[PDB]
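Working notes for the structure below.
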């Protein structure tokens with residue numbers, strides 16, 4: 297073997313329904329993943345070529 | 149999300165409790181009106197007997 301161990305993650309990368317998703321959770325039942333990413337895309341500079 | 153569920157449940161229980169004492173207060177006015185109507189002879193008797 298070229299290696300005896302692989303350096304991997306130690307805990308689960310957490311994601312819970314925080315504040316800005318929770319309004320859409322209660323009013324719609326539509327929670328998205330990374331609401332902050334959508335707000336950084338289509339609000340602050342939607343002209344940004346992804 | 150569980151906190152948002154919890155505050156809604158305590159709002160429901162507080163609404164039911166405040167509803168209970170409010171319905172009891174309206175019942176007090178209803179009982180007062182009923183006991184005053186029970187000791188109430190009509191107009192055409194106490195227009196003369198007085």
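Chains as they are written, first to last, in UniProt numbering: chain A, 297 to 346; chain B, 149 to 198.
Every residue gets a Cβ at the ideal spot worked out from N, C-alpha and C, and that includes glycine.
Between which two residues does the alpha helix (DSSP H) holding residue 209/B run? Given a span of 149 to 198 for chain B in the structure shown, any question on residue 209/B remains unanswerable.
Neighbour list for residue 321/A in chain B, Cβ cutoff strictly below 8 Å: Chain B residues near residue 321/A: 149 and 152.
Between residue 331/A and residue 316/A, is the Cβ-Cβ spacing less than 8 Å? yes
Can you check whether the C-beta of residue 313/A is within less than 8 Å of a C-beta belonging to chain E? Among the protein chains in the structure shown, which are A and B, there is no chain E.
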